[PDB]
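Report on the structure given below.
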Amino acid sequence: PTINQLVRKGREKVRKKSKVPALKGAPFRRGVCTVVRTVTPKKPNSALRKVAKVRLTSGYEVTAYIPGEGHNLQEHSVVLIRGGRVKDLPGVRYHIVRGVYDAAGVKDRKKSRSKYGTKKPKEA
Amino acid sequence: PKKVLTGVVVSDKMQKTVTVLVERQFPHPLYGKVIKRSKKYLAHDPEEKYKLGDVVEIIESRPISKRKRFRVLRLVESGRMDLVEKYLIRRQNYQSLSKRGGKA
Amino acid sequence: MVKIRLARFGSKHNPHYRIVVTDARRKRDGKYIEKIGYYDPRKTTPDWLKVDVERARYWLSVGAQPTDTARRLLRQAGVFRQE
Amino acid sequence: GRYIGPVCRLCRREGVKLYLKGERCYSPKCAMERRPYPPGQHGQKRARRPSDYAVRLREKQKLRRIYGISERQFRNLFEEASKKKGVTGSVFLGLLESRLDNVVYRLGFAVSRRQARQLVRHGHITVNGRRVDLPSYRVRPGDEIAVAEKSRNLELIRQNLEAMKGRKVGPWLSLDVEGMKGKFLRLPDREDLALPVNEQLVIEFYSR
Amino acid sequence: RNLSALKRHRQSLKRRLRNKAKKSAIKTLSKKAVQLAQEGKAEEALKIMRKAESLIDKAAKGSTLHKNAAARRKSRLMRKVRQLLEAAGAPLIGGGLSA
Amino acid sequence: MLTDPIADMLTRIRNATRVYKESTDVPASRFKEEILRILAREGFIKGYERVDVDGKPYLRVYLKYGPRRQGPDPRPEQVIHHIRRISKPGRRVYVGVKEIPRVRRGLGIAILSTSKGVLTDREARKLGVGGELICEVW
RNA sequence: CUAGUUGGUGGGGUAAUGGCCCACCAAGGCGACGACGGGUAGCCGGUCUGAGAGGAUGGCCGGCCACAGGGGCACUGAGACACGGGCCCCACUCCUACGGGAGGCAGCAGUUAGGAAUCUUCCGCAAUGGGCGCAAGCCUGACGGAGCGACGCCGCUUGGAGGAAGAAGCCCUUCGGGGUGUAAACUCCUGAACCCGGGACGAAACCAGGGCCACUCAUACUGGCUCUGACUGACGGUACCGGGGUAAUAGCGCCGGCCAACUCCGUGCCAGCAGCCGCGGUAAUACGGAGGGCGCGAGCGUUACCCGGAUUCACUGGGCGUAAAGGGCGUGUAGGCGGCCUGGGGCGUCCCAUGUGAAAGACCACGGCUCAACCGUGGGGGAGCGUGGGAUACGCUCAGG
């Protein structure tokens with residue numbers, strides 16, 4: 001573009017689009033469970049991914065992954081959403097925070113406990 | 001210093017008032033080239049002296065009316081519509097570029 | 001009313017004032033009209049009180065009214081001594 | 001809290017001797033003696049061609065574990081030595097050697113850098129009279145670093161200052177083993193230190 | 001409750017009334033005069049004008065009219081009056097009028 | 001039309017040197033001659049001289065090159081490795097005496113046009129002046 | 001888009017110019033150089049990032065503006081349309097003998113609601129400063145402080161030396177042995193916490209006695225100097241000093257590649273991991289534990305968001321034959337740009353002086369707190385714009401060729 005053109009139209013600044021309308025551009029949002037279904041993977045992968053429809057306080061109704069070996073989520077259980085998609089589950093854009101509200105932490109988690117919100121086991 | 005400006009009378013259609021078209025130049029703050037903008041001032045002409053085409057010196061004054069804070073200090077050079085033309089011709093293109101389009 | 005007073009500029013337990021010429025109405029630590037000295041309450045250094053008596057006298061020359069404590073420091077730097 | 005944990009294991013990981021114990025690190029036991037391979041279940045296995053990162057990483061870790069200092073404090077010294085005029089590399093080392101706790105070690109008061117850290121900490125040290133218990137205290141040129149009078153009688157201090165008889169001292173230092181005093185003459189230069197370090201890579205590591 | 005400085009409002013009302021009263025007198029006389037000059041009656045037109053002039057300057061004495069507010073009033077007055085008097089006037093009393 | 005006479009000349013020169021012409025003509029203009037004056041003084045060109053081509057005024061520009069070389073491609077190193085127009089119509093470029101660039105860490109020059117005449121960056125800095133930044137040579 | 005709309009004449013109002021407002025007259029003003037309308041915004045010194053250009057930001061602190069439960073209004077005043085002043089309307093709360101009354105924390109603290117989330121119903125008026133008073137002095141949730149919450153930054157703590165060819169436990173193994181590891185145990189020294197004693201700066205004025213000057217008729221007032229001058233601290237018996245004195249919070253993330261750190265066991269497309277590529281269906285360095293390791297250390301890691309990497313909007317600093325990208329071609333408006341010579345002008349352009357560019361920050365220097373973080377003092381640089389003076393090569397303009 002000519003200098004005179006740049007003067008006329010000028011460069012357009014790039015806009016990024018959010019990937020997590022957890023609204024309020026908040027770090028976390030709490031919602032209520034609606035359906036504790038179990039979706040199936042995509043392209044190659046196969047298994048029974050545990051998911052959950054959630055009615056957020058942000059006014060949005062979303063689907064969220066439930067990390068961990070085994071959960072305890074039910075129909076009207078209160079939960080916290082943290083944002084983070086799941087490559088295999090088209091339509092799931094947030095993970096559920098384990099160890100907060102109604103979502104109990106993972107039992108027998110002896111490693112990456114910071115995630116899977118499980119307290120420090122007392123070594124006998 | 002009461003600001004003094006020079007421009008052309010592009011309009012003598014009002015009573016005791018004239019429209020002076022003051023031109024201005026300067027370097028673009030980011031691209032540096034010298035660009036040239038322009039503004040119209042309504043100046044007070046009591047004697048109804050100044051006529052369409054005159055180059056005049058405008059002087060910062062005490063408000064005379066709303067949208068009118070300048071008085072015709074003096075005449076710099078009479079007659080020269082070559083300038084009024086640009087201004088009018090430009091007003092003429094406006095007469096379009098909307099739902100129709102400006103001539104050429 | 002324009003005054004000549006102190007302005008807290010130290011820090012907790014480490015106060016350091018600034019003999020200043022401000023309008024009576026400003027925050028004490030607000031924008032002053034001019035600085036004309038400084039004062040270290042605890043004389044933590046051999047140089048705990050400068051005053052530029054030249055300027056002070058100018059301000060007093062036109063209504064500057066010193067806080068008591070400000071005057072007492074101005075006196076120390078002999079702003080008043082008329083010998 | 002600066003590290004505090006097995007230390008001859010760092011000596012080993014850097015595959016180079018580190019005098020993190022003053023004495024012993026001589027008596028056939030610095031472990032770097034008949035066991036200079038890294039700690040852990042894999043130490044004896046063959047090592048692979050390190051990555052440019054690995055190398056710069058290992059180099060910094062060395063230079064740093066030598067002064068038992070936290071990355072946090074270490075880094076700030078570096079960014080300080082980067083702004084100040086003069087070859088960052090050495091300027092950096094100068095500042096590292098100006099730590100009161102280091103000097104004490106350098107002047108023989110303590111056997112190790114850790115020990116010196118404590119002597120400074122537990123008040124057993126002086127700087128122009130006034131005592132200073134801040135290990136990170138920066139000693140300037142022209143400072144007397146004496147042992148605390150009350151401690152001059154301490155068993156520990158008498159041993160070390162004893163064996164210190166004869167032992168020479170860095171050309172940027174000097175000590176009066178009598179009144180257990182010593183002076184920081186000037187900032188040591190890169191040449192003055194026989195550090196198994198290549199600040200070249202340390203600078204480069206903070207470049208990334 | 002009770003910020004005894006209600007007194008201020010208490011006084012505002014008085015002052016309001018005191019001012020309001022000065023001005024209405026002013027306006028009344030002003031016209032009164034303008035209207036006399038209007039009808040061409042020299043003498044009494046000026047006679048009244050002088051009162052107007054007076055009340056105005058006194059209004060500016062305290063904080064009623066105050067400032068150039070007074071000045072504006074007088075000029076707009078002496079002007080209107082002398083002009084309207086151009087009907088075979090001849091300012092007799094020539095009171096507030098430098099002939 | 002000939003939109004930029006100055007740029008036309010720097011190019012004629014850049015073009016001729018790339019094929020190693022001995023001479024090379026460019027329509028004469030007071031200003032262009034002023035520039036060539038520096039080119040010579042700074043030792044970028046053997047020199048130049050007024051001449052008449054087809055009746056019209058021109059300036060012969062005598063090009064200069066390094067010596068012949070070894071190995072393949074014996075072509076001489078250029079004396080004028082670079083020469084780029086800067087200020088150009090519809091994008092004029094002026095600089096204060098504090099903004100006069102330091103070309104090629106000093107090994108190259110920059111020709112300015114000041115109210116004190118056409119000077120090189122060093123000359124300008126001396127005389128403490130600025131002005132339109134005609135070009136850059138090195 | 002708009003008729004008080006643009007100008008005029010006369011007039012009102014103001015401290016003052018002015019359609020600011022009014023009567024009459026004329027036929028207007030703005031827009032594509034973006035009017036009008038919609039959306040967003042309190043705006044700014046600065047701050048974060050960046051090699052820079054630039055991008056993002058404007059909470060704390062300072063400057064300005066706006067608002068005061070929402071809307072409107074004036075009074076009093078030097079000053080307000082006036083947070084803790086007034087009037088009316090709004091719905092709501094409370095008292096009511098049902099006619100009628102009374103209210104309005106976006107001040108400090110605190111409650112409640114909402115939220116992932118944000119403090120003491122604290123001490124003090126001693127200091128800074130402020131209002132009234134001749135003064136003594138009174139008032140002062142501004143402020144000076146302490147408190148709660150690694151919420152952030154900075155400092156420090158959780159031992160030092162010796163100590164086996166190397167305990168046990170645990171892990172691996174070619175079953176020889178290797179690792180955790182001088183780590184431990186233990187020995188000696190050191191000795192945070194904790195105890196005992198001393199105990200602060202911040203405070204000197206305002207104003208107990210004496211002596212003295214200026215003005216004066218005065219030894220009447222008023223003002224000052226000085227001396228020996230006296231009173232006063234919330235923090236706080238805290239900082240700090242001296243003596244005594246115990247080996248005495250850790251930890252968190254990670255180890256498939258990006259990316260520094262690998263083995264066994266369990267599991268068997270499960271249970272799970274996951275930022276991307278992907279990993280798990282009986283040998284998994286990718287899941288869970290363990291041993292070992294790497295990183296960092298009331299820290300460590302996650303989530304969210306901004307810039308950096310991203311020259312991935314390119315002014316610095318990119319491109320368009322086939323990768324995304326030449327409009328199908330012309331004519332021409334606005335606009336951008338301009339052969340050779342001379343003269344005038346000096347608008348751009350360049351130079352000098354001067355004014356402004358605040359403070360804070362950034363940079364350099366020196367200094368204060370044991371260092372530093374933090375803070376103080378000083379100096380230097382700086383775009384832009386105002387003013388005066390100057391230059392005239394180039395660009396512009398004018399005249400001539």
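Every chain in the structure tokens has a letter given in the order shown (A, B, ...), and although residue numbers restart at 1 in each chain, ligands are simply numbered from 1 in the order shown.
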Spatial neighbours of residue 109 in chain F, 6 Å, only C-alpha atoms (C1' of nucleotides), chain gap at least 4 places, as a PDB file with N, CA and C atoms, in the first residue's frame:
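New file around-v2.pdb:
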ATOM      1  N   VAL F 103      24.926   6.726   8.979  1.00  0.00           N
ATOM      2  CA  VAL F 103      24.968   5.682   7.964  1.00  0.00           C
ATOM      3  C   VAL F 103      26.111   4.681   8.077  1.00  0.00           C
ATOM      4  N   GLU F 136      21.146   8.205   0.752  1.00  0.00           N
ATOM      5  CA  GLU F 136      22.055   7.484   1.622  1.00  0.00           C
ATOM      6  C   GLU F 136      22.994   6.697   0.720  1.00  0.00           C
ATOM      7  N   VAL F 137      24.299   6.848   0.916  1.00  0.00           N
ATOM      8  CA  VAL F 137      25.271   6.143   0.080  1.00  0.00           C
ATOM      9  C   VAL F 137      26.325   5.457   0.917  1.00  0.00           C
TER      10      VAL F 137
END
Each residue of chain E lying at most 6 Å from chain G should get a row with its shortest atom-to-atom pair and the distance in Å to one decimal, counting only C-alpha atoms (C1' of nucleotides); could you produce that, ordered by chain and increasing number, as JSON lines?
{"residue": "E:6", "atom": "CA", "partner": "G:85", "partner_atom": "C1'", "distance": 5.2}
{"residue": "E:9", "atom": "CA", "partner": "G:86", "partner_atom": "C1'", "distance": 5.5}
{"residue": "E:11", "atom": "CA", "partner": "G:76", "partner_atom": "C1'", "distance": 5.6}
{"residue": "E:12", "atom": "CA", "partner": "G:76", "partner_atom": "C1'", "distance": 2.8}
{"residue": "E:13", "atom": "CA", "partner": "G:75", "partner_atom": "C1'", "distance": 5.1}
{"residue": "E:15", "atom": "CA", "partner": "G:76", "partner_atom": "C1'", "distance": 6.0}
{"residue": "E:16", "atom": "CA", "partner": "G:75", "partner_atom": "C1'", "distance": 5.4}
{"residue": "E:68", "atom": "CA", "partner": "G:15", "partner_atom": "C1'", "distance": 5.6}
For chain G, list the residues within 7 Å of chain C, counting only C-alpha atoms (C1' of nucleotides), and write the list as a PDB file with N, CA and C atoms (P, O5', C5', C4', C3', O3' and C1' of nucleotides), in the first residue's frame.
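Contents of part.pdb, as written:
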ATOM      1  P     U G 128       2.948  19.779  63.407  1.00  0.00           P
ATOM      2  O5'   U G 128       2.488  19.282  61.968  1.00  0.00           O
ATOM      3  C5'   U G 128       3.462  19.006  60.935  1.00  0.00           C
ATOM      4  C4'   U G 128       2.774  18.690  59.621  1.00  0.00           C
ATOM      5  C3'   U G 128       1.663  19.640  59.206  1.00  0.00           C
ATOM      6  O3'   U G 128       2.146  20.789  58.545  1.00  0.00           O
ATOM      7  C1'   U G 128       0.916  17.412  58.974  1.00  0.00           C
ATOM      8  P     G G 129       1.892  22.588  59.414  1.00  0.00           P
ATOM      9  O5'   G G 129       0.467  22.319  58.743  1.00  0.00           O
ATOM     10  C5'   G G 129       0.354  22.028  57.333  1.00  0.00           C
ATOM     11  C4'   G G 129      -1.069  21.654  56.958  1.00  0.00           C
ATOM     12  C3'   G G 129      -2.181  22.568  57.437  1.00  0.00           C
ATOM     13  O3'   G G 129      -2.321  23.701  56.614  1.00  0.00           O
ATOM     14  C1'   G G 129      -2.839  20.313  57.729  1.00  0.00           C
ATOM     15  P     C G 201      12.600   9.686  72.971  1.00  0.00           P
ATOM     16  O5'   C G 201      12.900   9.997  71.433  1.00  0.00           O
ATOM     17  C5'   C G 201      14.235  10.299  71.004  1.00  0.00           C
ATOM     18  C4'   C G 201      14.359  10.164  69.506  1.00  0.00           C
ATOM     19  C3'   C G 201      13.386  10.957  68.659  1.00  0.00           C
ATOM     20  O3'   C G 201      13.803  12.312  68.544  1.00  0.00           O
ATOM     21  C1'   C G 201      13.646   8.769  67.770  1.00  0.00           C
ATOM     22  P     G G 202      12.829  13.483  69.062  1.00  0.00           P
ATOM     23  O5'   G G 202      11.624  13.460  68.019  1.00  0.00           O
ATOM     24  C5'   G G 202      11.864  13.626  66.608  1.00  0.00           C
ATOM     25  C4'   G G 202      10.793  12.925  65.800  1.00  0.00           C
ATOM     26  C3'   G G 202       9.349  13.301  66.087  1.00  0.00           C
ATOM     27  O3'   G G 202       8.942  14.464  65.388  1.00  0.00           O
ATOM     28  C1'   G G 202       9.542  10.942  65.911  1.00  0.00           C
ATOM     29  P     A G 205      11.658  25.236  70.374  1.00  0.00           P
ATOM     30  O5'   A G 205      10.530  25.866  69.435  1.00  0.00           O
ATOM     31  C5'   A G 205       9.476  26.706  69.968  1.00  0.00           C
ATOM     32  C4'   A G 205       8.216  26.539  69.142  1.00  0.00           C
ATOM     33  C3'   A G 205       6.969  27.268  69.609  1.00  0.00           C
ATOM     34  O3'   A G 205       6.961  28.583  69.060  1.00  0.00           O
ATOM     35  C1'   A G 205       6.448  25.013  69.070  1.00  0.00           C
TER      36        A G 205
END
Given only C-alpha atoms as the basis, pick out the residue of F:10, F:1, F:135, F:110 nearest to residue 123 in chain F.
F:110
Could you tell me which of G:125, G:391, G:186, G:329 comes closest to chain F if we count only C-alpha atoms (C1' of nucleotides)?
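Checking each candidate against chain F, we get G:391 as the closest.
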Can you tell me, as a VMD selection string, what residues are no more than 9 Å from residue 82 in chain D when counting only C-alpha atoms (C1' of nucleotides), ignoring any on the same chain fewer than 4 positions away?
chain D and resid 77 to 78 86 to 89 91 to 92 203
Take the residues just selected and output them with N, CA and C atoms as a PDB file, in the first residue's frame.
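Saved result, part_1.pdb, follows:
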ATOM      1  N   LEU D  77      20.552  -9.734  41.063  1.00  0.00           N
ATOM      2  CA  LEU D  77      21.937  -9.300  40.998  1.00  0.00           C
ATOM      3  C   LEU D  77      22.318  -9.195  39.537  1.00  0.00           C
ATOM      4  N   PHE D  78      21.986 -10.240  38.785  1.00  0.00           N
ATOM      5  CA  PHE D  78      22.271 -10.265  37.356  1.00  0.00           C
ATOM      6  C   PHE D  78      21.638  -9.081  36.615  1.00  0.00           C
ATOM      7  N   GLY D  86      30.032  -1.633  31.959  1.00  0.00           N
ATOM      8  CA  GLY D  86      31.018  -2.698  32.064  1.00  0.00           C
ATOM      9  C   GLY D  86      30.556  -4.113  31.804  1.00  0.00           C
ATOM     10  N   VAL D  87      31.440  -4.890  31.193  1.00  0.00           N
ATOM     11  CA  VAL D  87      31.160  -6.277  30.873  1.00  0.00           C
ATOM     12  C   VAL D  87      30.257  -6.886  31.921  1.00  0.00           C
ATOM     13  N   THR D  88      28.990  -7.044  31.564  1.00  0.00           N
ATOM     14  CA  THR D  88      28.026  -7.628  32.478  1.00  0.00           C
ATOM     15  C   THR D  88      28.624  -8.855  33.175  1.00  0.00           C
ATOM     16  N   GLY D  89      29.118  -9.796  32.382  1.00  0.00           N
ATOM     17  CA  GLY D  89      29.698 -10.999  32.937  1.00  0.00           C
ATOM     18  C   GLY D  89      30.469 -10.819  34.229  1.00  0.00           C
ATOM     19  N   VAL D  91      31.130  -7.880  35.973  1.00  0.00           N
ATOM     20  CA  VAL D  91      30.424  -7.002  36.906  1.00  0.00           C
ATOM     21  C   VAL D  91      29.502  -7.829  37.806  1.00  0.00           C
ATOM     22  N   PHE D  92      28.861  -8.825  37.203  1.00  0.00           N
ATOM     23  CA  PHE D  92      27.957  -9.721  37.903  1.00  0.00           C
ATOM     24  C   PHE D  92      28.741 -10.456  38.985  1.00  0.00           C
ATOM     25  N   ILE D 203      25.040 -15.359  30.964  1.00  0.00           N
ATOM     26  CA  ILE D 203      24.409 -14.202  30.365  1.00  0.00           C
ATOM     27  C   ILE D 203      23.462 -14.700  29.293  1.00  0.00           C
TER      28      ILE D 203
END
What separates CA of residue 97 in chain A and CA of residue 82 in chain A is a distance of 6.3 Å
